[PDB]
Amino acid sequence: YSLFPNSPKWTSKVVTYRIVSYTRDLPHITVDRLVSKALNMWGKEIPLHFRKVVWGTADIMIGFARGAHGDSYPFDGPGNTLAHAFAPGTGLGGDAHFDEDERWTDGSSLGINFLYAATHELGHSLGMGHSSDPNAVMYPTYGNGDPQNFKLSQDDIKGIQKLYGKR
């Protein structure tokens, strides 16, 4: 595993998040469930707790967008970059954006598995960098293992716990 330079991390006991926009590919209820699932995958290993808010600012702002969307990291259409997240910090820090030009799926269809993509992106939102281990969720490319049957690897757990300590 690798953390970000200067290992930024959330210092609060609870970190909020808010889904600002949704994808046309899934029901809104599924995205909400999958984001909670993804945050819990990491939360289970550490002292943090998460709370969803539906208005204003949240530490982790989540949204779907196609093309240019304000932050100077335009999406590129179907394929290639699927999504991108930023290291913990104020403003854009900690946010996670998903390329709406992708065909998002809960796993029952062809497309990009949103639970897997959200686990990777929220890993970045928490301060995780990329792993060299092809089996890790934090590996840079999609598809090595099985998007429909996966869990954090020992490498991902070692990294998140180094950053925030064990629960």
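When you see a residue number, it is the position in the sequence shown, counting from 1.
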Where the other entries model residues on both sides, is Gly145 skipped in at least a third?
yes
Higher average CA B factor in the deposited record is what I'm after, so tell me if that's 119 to 127 or 39 to 47.
39 to 47
The stretch whose C-alpha atoms carry the larger average B-factor in the entry, 72 to 80 or 93 to 101, is 72 to 80
Lowest, middle or highest third: where is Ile19 by C-alpha B factor in its chain?
lowest
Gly63's Cα B-factor: lowest, middle or highest third of the chain?
lowest
